[PDB]
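Here's the structure, in structure tokens; my notes come after.
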Amino acid sequence: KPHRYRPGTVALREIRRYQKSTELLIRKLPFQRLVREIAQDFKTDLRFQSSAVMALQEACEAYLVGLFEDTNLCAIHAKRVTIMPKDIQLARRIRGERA
Amino acid sequence: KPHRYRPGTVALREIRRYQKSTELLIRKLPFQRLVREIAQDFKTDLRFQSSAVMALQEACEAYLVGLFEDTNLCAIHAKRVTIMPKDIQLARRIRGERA
Amino acid sequence: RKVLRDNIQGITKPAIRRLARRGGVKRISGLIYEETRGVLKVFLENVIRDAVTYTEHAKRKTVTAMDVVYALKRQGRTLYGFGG
Amino acid sequence: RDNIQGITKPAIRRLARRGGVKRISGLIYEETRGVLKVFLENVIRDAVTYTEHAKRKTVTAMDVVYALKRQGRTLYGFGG
Amino acid sequence: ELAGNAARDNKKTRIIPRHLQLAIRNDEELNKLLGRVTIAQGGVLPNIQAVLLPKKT
Amino acid sequence: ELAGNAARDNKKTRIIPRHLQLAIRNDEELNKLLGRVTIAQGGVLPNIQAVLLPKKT
DNA sequence: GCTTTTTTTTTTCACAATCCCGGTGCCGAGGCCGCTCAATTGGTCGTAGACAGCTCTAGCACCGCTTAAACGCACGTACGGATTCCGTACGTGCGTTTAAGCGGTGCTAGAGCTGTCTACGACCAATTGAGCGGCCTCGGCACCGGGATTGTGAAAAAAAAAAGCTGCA
DNA sequence: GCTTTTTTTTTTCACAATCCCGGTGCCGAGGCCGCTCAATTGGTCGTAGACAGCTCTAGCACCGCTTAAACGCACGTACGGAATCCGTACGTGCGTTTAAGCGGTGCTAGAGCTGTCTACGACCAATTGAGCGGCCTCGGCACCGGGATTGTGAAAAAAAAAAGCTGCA
Ligand SMILES: [Ca+2]
Ligand SMILES: [Ca+2]
Ligand SMILES: [Ca+2]
Ligand SMILES: [Ca+2]
Ligand SMILES: [Ca+2]
Ligand SMILES: [Ca+2]
Ligand SMILES: [Ca+2]
Ligand SMILES: [Ca+2]
Ligand SMILES: [Ca+2]
Ligand SMILES: [Ca+2]
Ligand SMILES: [Ca+2]
Ligand SMILES: [Ca+2]
Ligand SMILES: [K+]
């Protein structure tokens with residue numbers, strides 16, 4: 001009974017699954033730590049409201065999901081199904097997030 | 001025999017020329033007429049200060065010139081040298097211009 | 001006075017080819033030229049409509065360079081060298 | 001402190017799922033990480049700048065929201 | 001009006017961000033108005049680029 | 001200062017829009033600040049993507 | 001047209017995901033209540049701007065020439081895209097490990113509020129110099145012609161591959 | 001190892017475009033000047049917000065559970081990307097055609113400025129109720145669960161088509 005889905009088939013399931021849901025996809029503490037880590041470099045011994053870390057996550061993730069959407073199109077524009085660094089750089093170059 | 005530059009070698013000449021210069025590349029009257037043609041559609045019997053038609057042109061040519069930049073990057077992303085309408089649409093999709 | 005012609009065609013193939021030269025484009029599909037015109041058209045609609053609104057609000061019958069400028073800045077396409 | 005690695009492969013995959021992405025090169029997980037970092041820097045800097053101007057030591061939701069808006073990435077549901 | 005519909009289709013009496021995010025993103029005009037806005041806890045509209053879906057059987 | 005230099009460079013005594021554009025576009029920071037700005041009569045920086053040149057030797 | 005074999009089509013067995021029942025449990029929507037603070041009522045006072053009327057900027061129309069530019073076609077190159085092909089970088093799914101998540105307890109920075117007092121900014125009237133518009137000239141810069149430099153490309157000679165023999169064995 | 005053909009790289013000019021100078025002329029930068037209106041001075045008066053004092057909120061630290069999620073390896077399939085191939089789409093260059101651009105002229109809508117009066121909105125003090133913070137209840141919704149359903153594959157099994165044989169009129 002050695003049952004295996006072929007490559008790409010759970011990926012699709014996942015795509016369906018997560019587009020359908022709203023919960024945040026990055027684990028919260030690690031995120032929190034990252035915020036705090038980055039915070040330090042500007043001003044030491046800061047604090048955060050929990051709600052300000054959540055606004056930051058909601059924003060970052062949304063940023064990222066969106067960037068992926070555009071990345072995915074850039075993949076497909078080069079007749080690929082697999083997103084690659086260069087796709088992201090094009091997405092951002094066109095958006096004007098970098099030169 | 002007669003001289004004849006290889007396909008691309010003048011195109012590159014043209015590129016160098018036009019990037020080096022600042023002069024407006026659409027003919028001034030046809031642009032004028034087109035502006036008035038579009039103007040009508042919102043309000044009939046309208047006048048334009050030349051400076052306003054010119055400000056429209058500067059703005060247009062600029063927009064179009066950037067779009068070609070983003071477009072050429074979309075072509076080159078698909079391992080092409082030749083820009084296509086599918087390249088433009090991607091630039092504009094990613095830019096946020098259309099859905 | 002007079003209602004205008006079909007001018008969009010006056011944005012010739014030469015001109016469109018020149019603009020894409022300025023943008024570093026080497027080779028150009030046949031289909032580009034008409035697609036550009038449509039894009040160009042939509043651009044001018046969008047700006048001019050906004051400009052004309054600034055005209056109409058000021059109760060003037062003559063679109064000013066500033067109308068264009070205010071519209072263009074509204075559209076996120078800020079233009080230097082014509083006022084404001 | 002290298003918390004950037006807390007942004008795991010799995011979490012990154014998930015995000016890209018929701019972006020309708022099907023297959024993902026191995027080099028992307030780091031590329032994503034950098035991008036994500038640059039975004040946070042730009043948002044947090046601004047946020048904290050609002051914090052320092054109100055003479056506080058505690059970053060607020062509003063600080064974030066006001067930054068995000070400067071950055072064009074306006075956010076609904078945290079006190080706009 | 002639109003979110004409240006979206007709830008009533010989900011078998012819910014409370015409007016929630018998703019209902020709001022759905023209402024807005026599936027409405028050409030509203031979507032445009034709120035083009036550069038993020039609805040916290042909204043999620044996205046289900047959408048899988050065709051090329052990625054398998055040859056249908 | 002910058003415009004001026006790019007004018008001297010052109011062997012031109014008076015700064016013109018091109019000079020402004022070259023100053024601004026060639027300077028990482030000025031460029032960012034004026035990211036969504038359109039200089040009239042400014043043109044663009046000489047830039048031909050690499051893959052569009054023929055094979056150099 | 002037969003055999004064989006390779007590709008494609010069809011069914012036939014599976015499995016997460018879904019849905020409809022039931023049932024249960026908890027916390028935050030949603031409403032109540034006792035203020036209070038912010039909208040309302042009324043009248044006074046000062047000027048912002050609709051409106052009429054004049055000026056005169058500059059926008060539109062019209063024409064006929066010069067020629068730069070657009071148009072259309074002849075022609076073939078190097079481009080796009082299809083097909084075919086191999087290596088491995090990817091996704092799926094084990095099992096073992098990790099640390100997030102929760103619920104809760106404990107401490108205190110610091111957020112935020114209150115009231116108090118005065119330095120500082122609005123508001124005015126009079127004073128007056130800088131920055132306006134108008135005006136004039138002259139040197140930079142646009143334009144051209146002419147000559148030096150630069151780079152493309154064709155065709156003809158050296159190197160430098162496959163690409164197909166010849167053994168060899 | 002040989003041997004010829006392509007094939008690659010190098011050599012030799014011929015041409016065409018581009019670059020660069022001095023020369024010539026035109027007009028707009030540059031600056032002077034005179035007058036106006038908007039900055040400055042030198043007053044007063046009110047309240048914005050700095051400051052100290054206090055409350056208590058919500059941010060922080062730590063602990064120990066119980067998982068669900070991360071991780072790290074084993075195995076292979078489908079995907080990316082190189083290589084090969086053919087057809088023609090698009091660049092180039094030519095002669096023909098078209099109308100933009102030039103400048104000039106005349107005619108005037110309408111931009112834009114002034115002066116006159118008043119409706120309307122800020123700005124007082126006074127009345128007051130709609131909406132605020134706090135707090136209490138209970139039903140919506142999360143959660144489970146189970147068992148039926150279906151939508152979604154994947155494998156294996158059947159059909160059709162491909163490739164290789166063939167023999168035959
Ligand atoms: Ca007045
Ligand atoms: Ca304090
Ligand atoms: Ca003076
Ligand atoms: Ca002056
Ligand atoms: Ca001078
Ligand atoms: Ca006070
Ligand atoms: Ca392929
Ligand atoms: Ca309440
Ligand atoms: Ca109470
Ligand atoms: Ca209730
Ligand atoms: Ca119930
Ligand atoms: Ca169940
Ligand atoms: K606090």
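We label chains A, B, ... in the order they appear in the structure tokens, count residues from 1 in each chain, and number ligands from 1 in the order shown.
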Chain E contacts on chain B, only C-alpha atoms, 10 Å, as a VMD selection string:
chain B and resid 96 98 to 99
Tell me the residues of chain H close to chain B, meaning within 9 Å using only C-alpha atoms (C1' of nucleotides), as a list in words.
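Listed by rising number, the hits are residues 15, 16, 90, 91, 92, 93 and 100 of chain H.
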Compute the set of protein, DNA and RNA residues whose minimum atom distance to ligand 1 is at most 8 Å, using only C-alpha atoms (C1' of nucleotides) and all ligand atoms, and state it as a ChimeraX atom specification.
/G:48-49 /H:115
Let me see the file: selected residues, N, CA and C atoms (P, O5', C5', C4', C3', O3' and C1' of nucleotides), as a PDB file, in the first residue's frame.
ATOM      1  P    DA G  48     -11.068  87.622   4.403  1.00  0.00           P
ATOM      2  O5'  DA G  48     -11.802  86.340   3.823  1.00  0.00           O
ATOM      3  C5'  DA G  48     -12.915  85.726   4.481  1.00  0.00           C
ATOM      4  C4'  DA G  48     -13.625  84.799   3.521  1.00  0.00           C
ATOM      5  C3'  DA G  48     -12.824  84.318   2.316  1.00  0.00           C
ATOM      6  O3'  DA G  48     -13.467  83.134   1.841  1.00  0.00           O
ATOM      7  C1'  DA G  48     -14.390  85.977   1.653  1.00  0.00           C
ATOM      8  P    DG G  49     -13.139  82.544   0.406  1.00  0.00           P
ATOM      9  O5'  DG G  49     -14.199  83.260  -0.540  1.00  0.00           O
ATOM     10  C5'  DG G  49     -15.532  82.743  -0.667  1.00  0.00           C
ATOM     11  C4'  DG G  49     -16.332  83.633  -1.585  1.00  0.00           C
ATOM     12  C3'  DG G  49     -15.872  83.601  -3.046  1.00  0.00           C
ATOM     13  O3'  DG G  49     -16.997  83.664  -3.923  1.00  0.00           O
ATOM     14  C1'  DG G  49     -15.915  85.800  -2.291  1.00  0.00           C
TER      15       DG G  49
ATOM     16  P    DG H 115      -9.638  99.134  -7.489  1.00  0.00           P
ATOM     17  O5'  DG H 115     -11.207  98.951  -7.294  1.00  0.00           O
ATOM     18  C5'  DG H 115     -12.131  99.432  -8.289  1.00  0.00           C
ATOM     19  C4'  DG H 115     -13.543  99.391  -7.754  1.00  0.00           C
ATOM     20  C3'  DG H 115     -13.700  99.832  -6.293  1.00  0.00           C
ATOM     21  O3'  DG H 115     -14.798 100.761  -6.202  1.00  0.00           O
ATOM     22  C1'  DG H 115     -14.483  97.603  -6.545  1.00  0.00           C
TER      23       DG H 115
END
Identify, on the basis of only C-alpha atoms (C1' of nucleotides), every residue whose closest approach to residue 56 (chain C) does not exceed 12 Å; exclude the query and any residue fewer than 4 positions from it along the same chain; express the result as a PDB file with C-alpha atoms, in the first residue's frame.
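Heads up, here's the output in around.pdb:
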ATOM      1  CA  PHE B  42     -14.864  65.114 -20.994  1.00  0.00           C
ATOM      2  CA  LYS B  43     -15.707  68.725 -21.813  1.00  0.00           C
ATOM      3  CA  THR B  44     -16.557  70.350 -25.143  1.00  0.00           C
ATOM      4  CA  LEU B  46     -11.991  73.827 -24.258  1.00  0.00           C
ATOM      5  CA  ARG B  47      -8.778  75.748 -24.648  1.00  0.00           C
TER       6      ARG B  47
ATOM      7  CA  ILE C  48      -6.619  64.941 -18.888  1.00  0.00           C
ATOM      8  CA  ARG C  49      -9.862  63.914 -17.122  1.00  0.00           C
ATOM      9  CA  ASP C  50      -8.228  64.892 -13.810  1.00  0.00           C
ATOM     10  CA  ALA C  51      -6.803  68.119 -15.330  1.00  0.00           C
ATOM     11  CA  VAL C  52     -10.155  69.066 -16.848  1.00  0.00           C
ATOM     12  CA  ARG C  60     -12.189  78.288 -16.492  1.00  0.00           C
ATOM     13  CA  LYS C  61     -12.654  77.256 -20.119  1.00  0.00           C
ATOM     14  CA  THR C  62      -8.989  76.912 -20.797  1.00  0.00           C
ATOM     15  CA  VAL C  63      -6.937  74.050 -19.364  1.00  0.00           C
ATOM     16  CA  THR C  64      -3.771  75.469 -17.708  1.00  0.00           C
ATOM     17  CA  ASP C  67      -4.161  71.756 -14.122  1.00  0.00           C
TER      18      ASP C  67
END
What residues of the protein or nucleic acid chains come within 9 Å of ligand 10 when you use only C-alpha atoms (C1' of nucleotides) and all ligand atoms? Reply as a list in words.
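Listed by chain and ascending number, the contacts are residues 29, 30 and 31 of chain G; 137, 138, 139 and 140 of chain H.
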Produce a file of the selected residues containing N, CA, C and O atoms (P, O5', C5', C4', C3', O3' and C1' of nucleotides), as a PDB file, in the first residue's frame.
ATOM      1  P    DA G  29     -16.077  41.216  19.869  1.00  0.00           P
ATOM      2  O5'  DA G  29     -17.550  41.468  19.332  1.00  0.00           O
ATOM      3  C5'  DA G  29     -18.141  40.578  18.385  1.00  0.00           C
ATOM      4  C4'  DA G  29     -19.607  40.394  18.686  1.00  0.00           C
ATOM      5  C3'  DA G  29     -20.509  41.588  18.404  1.00  0.00           C
ATOM      6  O3'  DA G  29     -21.729  40.959  18.019  1.00  0.00           O
ATOM      7  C1'  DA G  29     -20.605  41.100  20.699  1.00  0.00           C
ATOM      8  P    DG G  30     -22.919  41.776  17.397  1.00  0.00           P
ATOM      9  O5'  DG G  30     -23.630  42.387  18.685  1.00  0.00           O
ATOM     10  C5'  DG G  30     -24.435  41.550  19.551  1.00  0.00           C
ATOM     11  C4'  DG G  30     -25.078  42.355  20.658  1.00  0.00           C
ATOM     12  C3'  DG G  30     -25.494  43.781  20.299  1.00  0.00           C
ATOM     13  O3'  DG G  30     -26.722  44.010  20.987  1.00  0.00           O
ATOM     14  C1'  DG G  30     -24.104  43.863  22.139  1.00  0.00           C
ATOM     15  P    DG G  31     -27.740  45.095  20.455  1.00  0.00           P
ATOM     16  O5'  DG G  31     -28.592  45.443  21.751  1.00  0.00           O
ATOM     17  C5'  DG G  31     -28.879  44.453  22.757  1.00  0.00           C
ATOM     18  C4'  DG G  31     -28.398  44.936  24.105  1.00  0.00           C
ATOM     19  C3'  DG G  31     -28.926  46.316  24.520  1.00  0.00           C
ATOM     20  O3'  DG G  31     -29.852  46.155  25.600  1.00  0.00           O
ATOM     21  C1'  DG G  31     -26.641  46.005  25.103  1.00  0.00           C
TER      22       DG G  31
ATOM     23  P    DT H 137     -24.822  39.544  34.701  1.00  0.00           P
ATOM     24  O5'  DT H 137     -25.104  39.165  33.181  1.00  0.00           O
ATOM     25  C5'  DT H 137     -26.139  39.844  32.444  1.00  0.00           C
ATOM     26  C4'  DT H 137     -26.727  38.948  31.375  1.00  0.00           C
ATOM     27  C3'  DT H 137     -26.737  37.439  31.668  1.00  0.00           C
ATOM     28  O3'  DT H 137     -27.960  36.679  31.472  1.00  0.00           O
ATOM     29  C1'  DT H 137     -25.176  37.973  29.873  1.00  0.00           C
ATOM     30  P    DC H 138     -28.947  36.803  30.159  1.00  0.00           P
ATOM     31  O5'  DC H 138     -28.022  36.346  28.947  1.00  0.00           O
ATOM     32  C5'  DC H 138     -28.495  36.464  27.593  1.00  0.00           C
ATOM     33  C4'  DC H 138     -27.643  35.626  26.672  1.00  0.00           C
ATOM     34  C3'  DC H 138     -27.881  34.116  26.783  1.00  0.00           C
ATOM     35  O3'  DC H 138     -27.991  33.554  25.477  1.00  0.00           O
ATOM     36  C1'  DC H 138     -25.595  34.579  26.951  1.00  0.00           C
ATOM     37  P    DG H 139     -29.425  33.279  24.857  1.00  0.00           P
ATOM     38  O5'  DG H 139     -29.192  33.403  23.288  1.00  0.00           O
ATOM     39  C5'  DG H 139     -28.835  34.659  22.681  1.00  0.00           C
ATOM     40  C4'  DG H 139     -27.601  34.484  21.825  1.00  0.00           C
ATOM     41  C3'  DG H 139     -27.605  33.267  20.902  1.00  0.00           C
ATOM     42  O3'  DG H 139     -26.808  33.600  19.775  1.00  0.00           O
ATOM     43  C1'  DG H 139     -25.757  33.120  22.314  1.00  0.00           C
ATOM     44  P    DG H 140     -27.220  33.138  18.332  1.00  0.00           P
ATOM     45  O5'  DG H 140     -25.893  33.426  17.509  1.00  0.00           O
ATOM     46  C5'  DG H 140     -25.339  34.754  17.427  1.00  0.00           C
ATOM     47  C4'  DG H 140     -23.833  34.658  17.380  1.00  0.00           C
ATOM     48  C3'  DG H 140     -23.278  33.812  16.226  1.00  0.00           C
ATOM     49  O3'  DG H 140     -22.160  34.427  15.551  1.00  0.00           O
ATOM     50  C1'  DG H 140     -22.678  32.846  18.317  1.00  0.00           C
TER      51       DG H 140
END
Point out the residue among D:75, D:54, D:68, D:7 with the least atom-to-atom distance to ligand 2, counting only C-alpha atoms and all ligand atoms.
D:54
Let me make sure I understand: if you superpose chain A onto chain B using all C-alpha atoms paired in order, what RMSD in Å results?
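After superposition, the RMSD is 0.4 Å.
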